[PDB]
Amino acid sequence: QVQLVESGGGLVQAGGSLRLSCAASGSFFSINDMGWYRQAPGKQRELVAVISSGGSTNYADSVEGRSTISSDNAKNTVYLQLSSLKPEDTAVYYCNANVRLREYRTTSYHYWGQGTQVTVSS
């Protein structure tokens, strides 16, 4: 089994900063990439930021310049740091991990967390 544990959500004030963390645990061989997506009601889910095993990253235009996604590979965990919060940042945030469960196979599984509400109030 593979389990994603998301932390850091809740009610926050506009203009502040937040940190979300996502930890992968269970039995697996390797994690190809991990990161965060978000979905607000009535809106499409969108990428926020993702980090690959080797350290390459990609950021949505919404957060480029005011965020950092980082990893601690030894503990299969990623962190999103986000400043300058605005009401438009309100959403359910979802951790995603793309994982190879077995050493001898290319095939990957895409795990999505339960999601954590972030509500930015003014």
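Numbers follow the displayed sequence, beginning with 1.
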Practice problem: With reference to the PDB entry, specify whether the mean Cα temperature factor is higher for 22 to 30 or for 63 to 71. | Solution: 22 to 30
Exercise. Could you check which stretch, 72 to 80 or 86 to 94, carries the larger mean CA temperature factor in the entry?
Key: 72 to 80
Quiz item: Relative to the other modelled residues in the chain, which third contains the C-alpha temperature factor of residue 109: lowest, middle or highest?
Solution: middle
Quiz item: What third of its chain, lowest, middle or highest, does the C-alpha temperature factor of residue 35 fall into?
Solution: lowest
